[PDB]
$ cat coords-v1.cif   # mmCIF, C-alpha atoms
data_input
loop_
_atom_site.label_atom_id
_atom_site.label_comp_id
_atom_site.auth_asym_id
_atom_site.auth_seq_id
_atom_site.Cartn_x
_atom_site.Cartn_y
_atom_site.Cartn_z
CA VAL A 884 28.27 57.05 -97.53
CA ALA A 885 31.25 58.79 -99.13
CA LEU A 886 30.14 62.07 -97.55
CA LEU A 887 30.09 60.56 -94.04
CA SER A 888 33.34 58.52 -94.13
CA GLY A 889 36.44 60.29 -95.39
CA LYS A 890 39.88 60.68 -93.88
CA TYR A 891 43.29 62.03 -94.87
CA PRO A 892 46.49 60.06 -94.39
CA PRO A 893 47.85 60.69 -90.88
CA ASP A 894 51.10 62.03 -92.41
CA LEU A 895 50.17 64.36 -95.27
CA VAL A 896 52.10 67.29 -96.76
CA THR A 897 50.32 69.04 -99.62
CA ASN A 898 53.48 70.25 -101.35
CA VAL A 899 55.05 66.78 -101.36
CA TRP A 900 51.87 64.98 -102.41
CA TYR A 901 50.92 67.20 -105.33
CA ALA A 902 54.50 67.38 -106.61
CA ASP A 903 54.51 63.60 -107.02
CA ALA A 904 51.13 63.68 -108.78
CA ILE A 905 51.60 66.48 -111.32
CA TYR A 906 54.97 65.29 -112.64
CA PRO A 907 53.80 61.90 -114.01
CA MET A 908 50.60 63.53 -115.25
CA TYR A 909 52.22 66.44 -117.10
CA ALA A 910 54.98 64.23 -118.51
CA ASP A 911 52.49 62.53 -120.84
CA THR A 912 50.71 65.66 -122.04
CA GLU A 913 49.22 66.10 -125.51
CA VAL A 914 47.99 69.72 -125.54
CA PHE A 915 50.70 70.66 -128.04
CA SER A 916 49.47 68.02 -130.49
CA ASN A 917 45.86 69.04 -129.84
CA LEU A 918 46.62 72.68 -130.64
CA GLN A 919 47.95 71.75 -134.08
CA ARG A 920 44.84 69.67 -134.81
CA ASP A 921 42.56 72.61 -133.97
CA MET A 922 44.23 74.74 -136.65
CA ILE A 923 43.41 72.14 -139.31
CA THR A 924 39.77 71.83 -138.25
CA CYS A 925 39.14 75.57 -138.54
CA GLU A 926 41.18 75.69 -141.76
CA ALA A 927 39.11 72.87 -143.26
CA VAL A 928 35.60 74.22 -142.61
CA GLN A 929 36.38 77.54 -144.30
CA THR A 930 37.49 75.60 -147.38
CA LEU A 931 34.19 73.70 -147.41
CA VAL A 932 31.95 76.79 -147.32
CA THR B 933 48.21 68.67 -72.18
CA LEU B 934 50.16 66.71 -74.79
CA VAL B 935 47.79 67.36 -77.70
CA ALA B 936 47.94 71.12 -77.12
CA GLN B 937 51.67 71.04 -77.91
CA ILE B 938 51.08 70.01 -81.54
CA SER B 939 47.77 71.81 -82.20
CA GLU B 940 45.70 74.75 -80.95
CA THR B 941 43.22 74.22 -78.12
CA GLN B 942 41.08 76.24 -75.70
CA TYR B 943 43.07 75.46 -72.55
CA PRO B 944 45.88 77.63 -71.16
CA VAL B 945 49.26 75.91 -71.31
CA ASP B 946 52.93 76.83 -71.64
CA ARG B 947 55.12 75.67 -74.53
CA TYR B 948 58.77 74.71 -74.10
CA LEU B 949 59.36 72.79 -77.36
CA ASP B 950 58.83 75.04 -80.38
CA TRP B 951 62.39 75.14 -81.73
CA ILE B 952 61.86 71.48 -82.63
CA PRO B 953 60.30 71.38 -86.13
CA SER B 954 56.82 69.96 -86.53
CA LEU B 955 54.24 69.54 -89.28
CA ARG B 956 50.81 71.05 -89.73
CA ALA B 957 48.51 68.60 -87.97
CA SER B 958 45.06 67.59 -89.19
CA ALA B 959 42.36 65.62 -87.38
CA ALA B 960 43.87 62.35 -88.60
CA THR B 961 47.27 63.25 -87.14
CA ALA B 962 45.75 64.15 -83.77
CA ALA B 963 43.76 60.91 -83.62
CA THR B 964 46.82 58.78 -84.39
CA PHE B 965 48.90 60.58 -81.76
CA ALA B 966 46.20 60.12 -79.10
CA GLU B 967 46.10 56.37 -79.73
CA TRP B 968 49.79 56.04 -78.83
CA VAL B 969 49.21 57.99 -75.60
CA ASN B 970 46.28 55.72 -74.73
CA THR B 971 48.31 52.58 -75.39
CA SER B 972 51.32 53.74 -73.36
CA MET B 973 49.35 54.38 -70.16
CA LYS B 974 47.48 51.08 -70.46
CA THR B 975 50.77 49.16 -70.51
CA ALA B 976 52.25 51.13 -67.61
CA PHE B 977 49.38 50.38 -65.22
CA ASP B 978 48.66 46.87 -66.58
CA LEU B 979 45.19 47.42 -68.06
CA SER B 980 43.53 45.35 -70.78
CA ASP B 981 39.99 46.79 -70.84
CA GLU C 737 39.94 82.07 -117.90
CA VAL C 738 37.22 80.89 -115.50
CA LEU C 739 35.77 77.55 -114.39
CA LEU C 740 32.34 77.58 -112.75
CA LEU C 741 31.56 75.44 -109.71
CA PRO C 742 28.26 74.57 -108.00
CA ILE C 743 29.65 75.07 -104.46
CA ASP C 744 31.80 77.57 -102.58
CA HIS C 745 35.58 77.22 -102.38
CA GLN C 746 38.19 78.37 -99.85
CA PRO C 747 42.00 78.40 -99.66
CA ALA C 748 43.63 75.10 -98.73
CA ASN C 749 44.37 74.51 -95.05
CA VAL C 750 44.68 71.10 -93.39
CA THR C 751 44.35 72.39 -89.81
CA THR C 752 40.61 73.14 -90.16
CA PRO C 753 38.34 71.89 -87.35
CA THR C 754 36.02 69.06 -88.36
CA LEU C 755 32.89 70.60 -86.80
CA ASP C 756 33.13 73.93 -88.62
CA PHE C 757 29.60 75.14 -89.33
CA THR C 758 31.05 77.91 -91.49
CA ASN C 759 31.56 75.18 -94.10
CA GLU C 760 28.49 75.02 -96.32
CA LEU C 761 28.46 71.22 -96.60
CA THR C 762 28.93 70.65 -92.87
CA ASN C 763 26.24 73.23 -92.11
CA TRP C 764 23.84 71.46 -94.47
CA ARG C 765 24.24 68.16 -92.60
CA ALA C 766 23.60 69.80 -89.23
CA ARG C 767 20.44 71.55 -90.41
CA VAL C 768 18.92 68.37 -91.85
CA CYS C 769 19.61 66.40 -88.66
CA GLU C 770 18.03 69.14 -86.54
CA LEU C 771 14.83 69.06 -88.61
CA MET C 772 14.45 65.30 -88.22
CA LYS C 773 14.45 65.76 -84.44
CA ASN C 774 11.42 68.06 -84.61
CA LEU C 775 9.62 65.48 -86.76
CA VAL C 776 9.93 62.64 -84.23
CA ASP C 777 10.16 64.62 -80.98
CA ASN C 778 6.51 64.51 -79.87
CA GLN C 779 5.35 61.33 -81.70
CA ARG C 780 2.64 63.39 -83.40
CA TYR C 781 3.40 61.90 -86.83
CA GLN C 782 4.09 58.30 -85.73
CA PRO C 783 0.96 56.51 -84.51
CA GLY C 784 1.05 52.75 -84.28
CA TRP C 785 4.45 52.65 -82.56
#
$ encode --input "coords-v1.cif" --output "structure tokens"
Amino acid sequence: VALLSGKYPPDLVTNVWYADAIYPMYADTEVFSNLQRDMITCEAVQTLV
Amino acid sequence: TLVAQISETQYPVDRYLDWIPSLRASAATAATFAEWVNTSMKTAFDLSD
Amino acid sequence: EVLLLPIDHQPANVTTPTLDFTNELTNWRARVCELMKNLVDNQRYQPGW
């Protein structure tokens, strides 16, 4: 059903739409915290062995 | 005749309004525009069917 | 630096015709519908109707 019934908004601009979507999404990003956690995980396993 | 001024068709036609800015039109935009044209002519000639 | 996908991708463009058989997904729908015609065209496989 989803494959047979799909429509864009009649007034769509890709640049405007995706600008308003990325900004809230990237504002609450946690990659920087995740990168620090990865260092500890690799650091820990070498200590165990 | 009117639709060809905001999109690309297979019929020969001249264009006199291109200095006026316009957006990139999808199928949804064309369908919405055609509805207004249909409504306008129905009112002018007093048609309800 | 790569992300695999199970289908083909093309650059973004909102002015693409709806019935574009170059599109893989649209082409797939057309082929399936054409086959079903051959199955019910001569009533060979539907006795009892």
$ closest_residue --input "coords-v1.cif" --among "A:931, A:896, A:914, A:925" --to "residue 954 of chain B" --atoms "all atoms listed in the file"
A:896
$ resolve_selection --input "coords-v1.cif" --expression "the PyMOL selection byres ((chain C) within 12 of (chain B))" --output "ChimeraX atom specification"
/C:749-755
$ write_last_selection --input "coords-v1.cif" --atoms "C-alpha atoms" --output "tab-separated table (two decimals), in the coordinates of the input"
chain	number	residue	atom	x	y	z
C	749	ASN	CA	44.37	74.51	-95.05
C	750	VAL	CA	44.68	71.10	-93.39
C	751	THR	CA	44.35	72.39	-89.81
C	752	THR	CA	40.61	73.14	-90.16
C	753	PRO	CA	38.34	71.89	-87.35
C	754	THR	CA	36.02	69.06	-88.36
C	755	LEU	CA	32.89	70.60	-86.80
$ closest_residue --input "coords-v1.cif" --among "C:783, C:770, C:761, C:743" --to "chain A" --atoms "only C-alpha atoms"
C:761
$ interface_residues --input "coords-v1.cif" --of "chain A" --to "chain C" --cutoff "12 Å" --atoms "only C-alpha atoms" --output "PDB file with C-alpha atoms, keeping the file's coordinate frame"
ATOM      1  CA  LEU A 886      30.140  62.070 -97.550  1.00  0.00           C
ATOM      2  CA  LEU A 887      30.090  60.560 -94.040  1.00  0.00           C
ATOM      3  CA  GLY A 889      36.440  60.290 -95.390  1.00  0.00           C
ATOM      4  CA  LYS A 890      39.880  60.680 -93.880  1.00  0.00           C
ATOM      5  CA  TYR A 891      43.290  62.030 -94.870  1.00  0.00           C
ATOM      6  CA  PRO A 892      46.490  60.060 -94.390  1.00  0.00           C
ATOM      7  CA  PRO A 893      47.850  60.690 -90.880  1.00  0.00           C
ATOM      8  CA  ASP A 894      51.100  62.030 -92.410  1.00  0.00           C
ATOM      9  CA  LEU A 895      50.170  64.360 -95.270  1.00  0.00           C
ATOM     10  CA  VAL A 896      52.100  67.290 -96.760  1.00  0.00           C
ATOM     11  CA  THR A 897      50.320  69.040 -99.620  1.00  0.00           C
ATOM     12  CA  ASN A 898      53.480  70.250-101.350  1.00  0.00           C
TER      13      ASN A 898
END
$ atom_distance --input "coords-v1.cif" --atom1 "atom CA of residue 962 of chain B" --atom2 "atom CA of residue 901 of chain A"
22.4 Å
$ atom_distance --input "coords-v1.cif" --atom1 "atom CA of residue 965 of chain B" --atom2 "atom CA of residue 978 of chain B"
20.5 Å
$ residues_around --input "coords-v1.cif" --residues "residue 946 of chain B" --least-positions-apart "6" --cutoff "10 Å" --atoms "only C-alpha atoms" --output "number ranges by chain"
B: 933, 936-937
$ residues_near_point --input "coords-v1.cif" --point "(33.4, 77.4, -101.7)" --cutoff "12 Å" --atoms "all atoms listed in the file" --output "list in words"
residues 740, 741, 742, 743, 744, 745, 746, 747, 748, 758, 759, 760, 761 and 762 of chain C
$ write_last_selection --input "coords-v1.cif" --atoms "C-alpha atoms" --output "mmCIF file, in the frame of the given file"
data_model
loop_
_atom_site.group_PDB
_atom_site.id
_atom_site.type_symbol
_atom_site.label_atom_id
_atom_site.label_comp_id
_atom_site.auth_asym_id
_atom_site.auth_seq_id
_atom_site.Cartn_x
_atom_site.Cartn_y
_atom_site.Cartn_z
ATOM 1 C CA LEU C 740 32.340 77.580 -112.750
ATOM 2 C CA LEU C 741 31.560 75.440 -109.710
ATOM 3 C CA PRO C 742 28.260 74.570 -108.000
ATOM 4 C CA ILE C 743 29.650 75.070 -104.460
ATOM 5 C CA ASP C 744 31.800 77.570 -102.580
ATOM 6 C CA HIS C 745 35.580 77.220 -102.380
ATOM 7 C CA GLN C 746 38.190 78.370 -99.850
ATOM 8 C CA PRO C 747 42.000 78.400 -99.660
ATOM 9 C CA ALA C 748 43.630 75.100 -98.730
ATOM 10 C CA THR C 758 31.050 77.910 -91.490
ATOM 11 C CA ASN C 759 31.560 75.180 -94.100
ATOM 12 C CA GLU C 760 28.490 75.020 -96.320
ATOM 13 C CA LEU C 761 28.460 71.220 -96.600
ATOM 14 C CA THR C 762 28.930 70.650 -92.870
#
$ atom_distance --input "coords-v1.cif" --atom1 "atom CA of residue 971 of chain B" --atom2 "atom CA of residue 955 of chain B"
22.7 Å
$ axis_aligned_box --input "coords-v1.cif" --around "segment 745-764 of chain C" --padding-each-side "4 Å" --output "JSON"
{"center_x": 34.3, "center_y": 73.7, "center_z": -94.6, "size_x": 28.8, "size_y": 17.3, "size_z": 23.6}
